[PDB]
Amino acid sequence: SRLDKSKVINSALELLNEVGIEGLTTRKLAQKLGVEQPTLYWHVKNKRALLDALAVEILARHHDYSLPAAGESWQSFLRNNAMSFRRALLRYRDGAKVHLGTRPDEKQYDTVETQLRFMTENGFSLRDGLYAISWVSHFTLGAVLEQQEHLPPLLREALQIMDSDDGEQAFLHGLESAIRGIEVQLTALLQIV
């Protein structure tokens, strides 16, 4: 009904699944909604505006582990947050590309602030706390982007394991390797590690 912000966004998310991020246009949204382009332009000025809104919505609907639980270890937080971020990005076609193409908003910023506070209370310097969250982000993004976009002996015989599964195993394994690296760096303090 018909041009509520929430309805434009929901039709635009449907459209995103049909046509992908490069195909998504305000012209096709207006057609989908049954409305003339000037009518829609009142509500959504351009594709950049649209895409910004979609990015926010994807995370608001699906990124349910954005914040640490009470008593939770920093390791669990990063593991749960990473898994949640990946799931959220995998829900819509080109979901990672939508996330990438947008500047953060007051939400992301506010959420990241609480995450930095959390990490610092657990012994991280601001910088290592920030490097940690960023790395998990970059790693999760790269994995999903590769998953969503799309012969020699050894590569063959390993691929029978990488391909009965859509990236999760590798992602989860790499995530544990990083976490343990952070644990080791954290615990070393001023010592050579």
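In case it trips you up, residue 1 is the first one in the sequence shown, and so on.
Undergrad: Is there a break between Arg156 and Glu157, and how many deposited residues does it span: none, 1 to 3, 4 to 9, or 10 or more?
TA: In the record, the chain runs straight from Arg156 to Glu157 with none unmodelled.
Undergrad: Quick one: say whether 108-116 or 88-96 has the higher mean Cα B-factor in the deposited entry.
TA: The deposited B-factors put 108-116 ahead on the C-alpha mean.
Undergrad: Mean CA temperature factor from the deposited coordinates, higher in 66-74 or in 40-48?
TA: Per the deposited B-factors, the answer is 66-74.
Undergrad: Checking the entry, which one of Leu29, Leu141, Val56, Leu126 has the top C-alpha B factor?
TA: Largest recorded C-alpha B-factor: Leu126.
Undergrad: In terms of the CA temperature factor given in the entry, to which third of its chain does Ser137 belong: lowest, middle or highest?
TA: It falls in the bottom third of the chain.
Undergrad: Looking at the temperature factor on the CA atom of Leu145, which third of the chain's modelled residues does it land in?
TA: Lowest third, going by the recorded CA B-factors of the chain.
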